[PDB]
């Protein structure tokens, strides 16, 4: 149920431009702004940053992940925190994320595999 609620919201922003600092439809979204907003619509309260969201979830490999789990990554840009990116797992090795434009990407790629930290299940 969670996945369908989060993604019904997230799909409204498919193709939108990434905006740094964005956390609502009025501004558009950054990676963890998209997840915070969409999970919020589904009744889950998440913290604002990708790192904070990582630390609020229970972790599991991508092979065990289910749609509606989050997926986290390291070393995607020059950051103080270990976690540098988050997106939404939607099954079949795909994630939906911001992302520029916002939308789907395939996690099977070497790039995502090598930046992967793991998946996280929300509380």
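Residue numbers count along the first chain shown, from 1.
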Between 57 to 65 and 31 to 39, which has the higher average C-alpha B-factor in the PDB entry? 57 to 65
Of 82 to 90 and 45 to 53, the one with larger mean CA B-factor: 45 to 53
Ordered by C-alpha B-factor within the chain, which third holds residue 21? Give me lowest, middle or highest, please. highest
Among modelled residues of the same chain, the CA temperature factor third for residue 113: middle
